[PDB]
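# Structural characterization, general
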Amino acid sequence: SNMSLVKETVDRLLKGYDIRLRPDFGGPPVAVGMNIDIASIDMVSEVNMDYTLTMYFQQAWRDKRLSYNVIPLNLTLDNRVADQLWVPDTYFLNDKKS
Amino acid sequence: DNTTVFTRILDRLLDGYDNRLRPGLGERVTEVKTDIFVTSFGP
Amino acid sequence: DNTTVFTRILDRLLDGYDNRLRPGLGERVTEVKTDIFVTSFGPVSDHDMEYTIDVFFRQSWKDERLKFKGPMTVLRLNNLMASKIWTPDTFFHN
Ligand SMILES: *[C@@H]1O[C@H](CO)[C@@H](O[C@@H]2O[C@H](CO)[C@@H](O[C@@H]3O[C@H](CO)[C@@H](O)[C@H](O)[C@@H]3O)[C@H](O)[C@H]2NC(C)=O)[C@H](O)[C@H]1NC(C)=O
Ligand SMILES: *[C@@H]1O[C@H](CO)[C@@H](O)[C@H](O)[C@H]1NC(C)=O
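Residues numbered from 1 in each chain as written, not as in the entry; some residues may be left out. Chains lettered and ligands numbered in written order. Part of a larger assembly, values for the part shown. Heavy atoms only, no water.

Glancing now at the environment of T54(A). On the secondary structure map, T54(A) appears in strand β2 (residues 50-60). Once residues within four sequence positions are removed from consideration, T54(A) is found in contact with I38(A), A39(A), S40(A) and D42(A). (Helix = DSSP H or I, 4+ residues; strand = E, 2+ residues; numbered from the N terminus. Contact = heavy atoms within 4.5 Å.)

Between chain A and chain C, the residue contacts involve 10 residues of the former and 16 residues of the latter. The contact between chain A and chain C buries some 1,100 Å² in all, and 63% of this surface belongs to carbon and sulfur atoms. On the chain A side of the contact with chain C, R20(A), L21(A) and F25(A) bury the most area, a combined 55% of that side's loss. Inspection of the region where chain A meets chain C yields 1 salt bridge. Between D11(C) and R20(A) there is a salt bridge whose closest N-O contact spans 3.2 Å. The interface formed by chain A and chain C includes 3 residue pairs in polar contact. Its residues assigned to classes, the side of chain A that touches chain C shows 5 nonpolar, 1 polar and 4 charged. (Buried area = accessible area lost by both parts, 1.4 Å probe. Salt bridge = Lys/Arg side-chain N within 4 Å of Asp/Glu carboxyl O. Polar contact = N/O pair within 3.5 Å; in protein donor to acceptor, adjacent residues only side chain to side chain. Nonpolar A, V, L, I, M, F, W, Y, C, P; charged D, E, K, R; others polar.)

Attention shifts here to the nonpolar core. Membership of the largest hydrophobic core is limited to 9 residues, which are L21(A), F25(A), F6(C), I9(C), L10(C), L13(C), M72(C), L75(C) and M81(C). Residues contacting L13(C), with those up to four places away along its chain left out, are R65(C), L66(C), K67(C) and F68(C). Counting residues in hydrophobic clusters, the runner-up holds 7 residues, among them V6(A), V10(A), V81(A) and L21(B). (Core = buried A, V, L, I, M, F, W, Y, C linked by side-chain atoms within 4.5 Å. Buried < 20%, exposed > 50% of the residue type's maximum accessible area, 1.4 Å probe, protein only.)

Here's what the structure looks like:
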């Protein structure tokens, strides 16, 4: 079945996957493209000199190890598999509580 | 041994289950039926 | 395919590593070379007699159990490797 095929593909992808190493660990840098879809800017406080903003922060890179050529559909996995992939260590320098 | 047969059922139920794929990943569209029961409309 | 060789290096590093023992437990006193980079001196709360400060707290010790020999000189690893090795338990006295 198609479901078993996708499960086999995903299990093959995550097998032998080292999360400690970024894509191209011994080669050129990886390019991480950013998008932001600002939902709202809640409060602009003059007494704390801060401002709260809610955003849809999206990043897009290219990992060659997560490449499959069996199924032709763009897989959408549960949000818990992100604890088993490599994701860039992005941080906001001037944030206080997020 | 009723707990034993129910443990066997629950173990057979998650045997080979992938919780990263929605039901009918490439063969259908999932249909989530929703409902809300407001216990308290806050301030 | 540097991924496989670097995975092998990492697994050799953590193979036989005990993160409950400081580096040089028997014949040495560990020397932690610290450093601070204050990115922003926060508002001094006069009511609470406190003050906030946002820092880049840097530490650096010498661990002889993490010597390797590969193509790269410095392994810029992920922040999740830092939990499998010994790291000093610096706490702020105040
Ligand atoms: C700070 O952020 C990190 C990374 O975003 C969080 O690490 C994640 O923590 C969760 C919960 O501890 C981990 O999930 C656990 O996975 C194990 C399997 O190893 C499973 O047995 C547990 O039941 C649980 O599901 C998750 O793997 C981990 N992710 C990474 C990349 O390490 C951390 O929890 C955050 N801390 C706080 C205080 O927000
Ligand atoms: C996957 O996404 C790309 C870019 O959004 C799109 O061009 C392509 O058609 C998608 N694949 C499928 C099967 O829809």
